[PDB]
Structure formats: structure tokens, C-alpha cells
Amino acid sequence: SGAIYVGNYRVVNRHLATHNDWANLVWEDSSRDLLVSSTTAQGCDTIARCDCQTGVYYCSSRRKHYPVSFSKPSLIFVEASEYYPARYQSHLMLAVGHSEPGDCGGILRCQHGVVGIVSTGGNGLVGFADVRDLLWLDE
Ligand SMILES: NC(=O)[C@H]1CCCN(C(=O)Cc2ccnc(N)c2)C1
Ligand SMILES: [Zn+2]
């Protein structure tokens, strides 16, 4: 689990969104595994606006942050689960590293701020849903 709180927005993995998230839905994209809901309290997380390919992510299944190199956001094949059939998830970034299903929502960060959140994993590759292109999150 995990979310990004910026302004009056809460950004979570779509497969983990709550009833409250859906009742206060702002935007959702199944092809990106992202959902944004509105909040009453103001959030102060900083979204990175960059092309960084290095960062650090939080891995809850190890209580540790790991430094990784990751690919630029792109369309990648994702095997089916109880949340989705087999499909191509877009705006996804891969890195060599450990993850478990419960790690989804762990933040990936660079020197400029929040890059994205853990969304996919398996066979030693961890995938992050990018949020750096969502300029409206800051307005
Ligand atoms: N974005 C999706 O379609 C995900 C929905 C939930 C299932 N899924 C995963 O990759 C599960 C996962 C995540 C992280 N580490 C792992 N070792 C296994 C795909
Ligand atoms: Zn950066």
C-alpha cells in the first residue's frame, strides 16, 4: 500500500483504490494502474518534473529503500491477476529489484521529488507507474 499527497489530490494504484477514492474520483486510467481522488486536507509532496533514470524506492517487504536505475516510461506486457486480464500497461518504468504484491504504492524518488509508485513486479524486476507527466497535479 501507499499513496502520493500533493495539493488537494491523493494518487494511488487503481487496483488498490478505496470506496472513498471512487466517491471522490478526479481521474483514473486502467491502462496506467493510476487513480487520483480529491482530498480536504492539503498535501505537500513534491512531484519531480525531469527525465531522471536513477532514484530510490521504498520496499515495504524489506523495510528498506533501494537505489535503482530504471527505464524511461513505456508500454510493457503485464500477466493477469484478480485485478486485470493480460494487457499492456503504459507509462511503466522497470528496474532490477525486489518487490512483493503488497509493495504496490511504495514511492520511487529522485533529487527532484516523487517519480512514481510501485505497480508491477516478478522475476526480479519491479515496475513503477510514472506520474511526472501529470502536470495538473500541481494546479
Ligand atoms: N499493475 C498491475 O497490473 C498489477 C496489479 C496487481 C498484480 N500485479 C503484480 O505485478 C503483482 C506484483 C507487484 C509487485 N511485486 C510483485 N512481486 C508482484 C500487476
Ligand atoms: Zn529527477
Side-chain angles (χ1 to χ4, degrees):
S1 53
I4 308 161
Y5 296 94
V6 49
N8 296 285
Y9 299 130
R10 164 173 141 100
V11 189
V12 287
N13 290 90
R14 194 192 183 267
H15 73 279
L16 303 178
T18 71
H19 295 310
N20 188 68
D21 288 321
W22 278 104
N24 293 287
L25 175 63
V26 163
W27 170 82
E28 56 83 27
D29 201 302
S30 177
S31 75
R32 292 178 71 147
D33 185 39
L34 287 184
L35 183 143
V36 176
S37 62
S38 60
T39 73
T40 48
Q42 202 87 13
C44 2
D45 262 307
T46 283
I47 312 300
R49 302 302 178 188
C50 62
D51 60 329
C52 278
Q53 273 191 252
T54 64
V56 174
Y57 79 106
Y58 181 62
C59 178
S60 67
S61 70
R62 296 289 188 268
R63 297 177 180 124
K64 275 161 195 68
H65 295 259
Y66 291 105
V68 288
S69 298
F70 52 91
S71 59
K72 289 183 169 162
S74 58
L75 270 163
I76 287 119
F77 185 64
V78 175
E79 176 84 41
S81 57
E82 79 158 16
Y83 311 100
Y84 303 105
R87 86 226 200 278
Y88 280 106
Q89 166 164 332
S90 62
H91 304 270
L92 185 66
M93 304 173 294
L94 293 176
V96 172
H98 179 67
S99 74
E100 306 252 342
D103 287 321
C104 287
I107 283 175
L108 163 69
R109 303 185 67 103
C110 59
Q111 43 178 135
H112 312 91
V114 173
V115 177
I117 52 170
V118 170
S119 173
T120 75
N123 299 340
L125 294 167
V126 54
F128 308 97
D130 181 55
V131 300
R132 299 175 287 180
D133 63 312
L134 306 171
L135 310 180
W136 59 268
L137 281 176
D138 281 331
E139 38 177 50

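Whatever order the structure lists them in is the order used to number ligands and atoms, beginning at 1. Quick note: residue numbers are just sequence positions, from 1. Computed from heavy atoms alone, side chains included, the values below leave out hydrogens, waters and symmetry copies.
- With sequence neighbours left out, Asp21 forms a side chain to side chain donor-acceptor pair (under 3.5 Å) with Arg10, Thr18, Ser37.
- Contact residues of ligand 1 (protein heavy atom closer than 4.0 angstrom to a ligand atom; sorted by chain and number): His15, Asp33, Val78, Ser81, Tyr83, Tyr84, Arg87, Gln89, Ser99, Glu100, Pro101, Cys104, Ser119, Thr120, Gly121, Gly122.
- In terms of distance to the Zn ion (ligand 2), the nearest N, O or S atom of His112 is named ND1.
- Rounding to the nearest 10°, we obtain 120° for the angle at the Zn ion (ligand 2) between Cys50 SG and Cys52 SG.
- Annotation: salt bridge (charged side-chain N to carboxylate O under 4.0 Å, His left out) contacts of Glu28 (sequence neighbours excluded): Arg14.
- Between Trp136 and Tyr9, some side-chain heavy-atom pair lies under the 4.5 Å cut-off.
- Applying the ring-ring contact (aromatic ring centres under 6.0 Å, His included) test to every pair with at least one member in residues 31-68, sequence neighbours left out, gives these pairs: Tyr57-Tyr66, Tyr57-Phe128, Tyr58-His65.
- Between the side chains of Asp33 and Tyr84, at least one donor N or O lies within less than 3.5 Å of an accepting N or O.
- In this structure, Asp45 pairs ionically with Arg109, as a charged nitrogen and a carboxylate oxygen lie closer than 4.0 Å.
- Between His98 and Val126 there is no side-chain heavy-atom pair separated by less than 4.5 Å.
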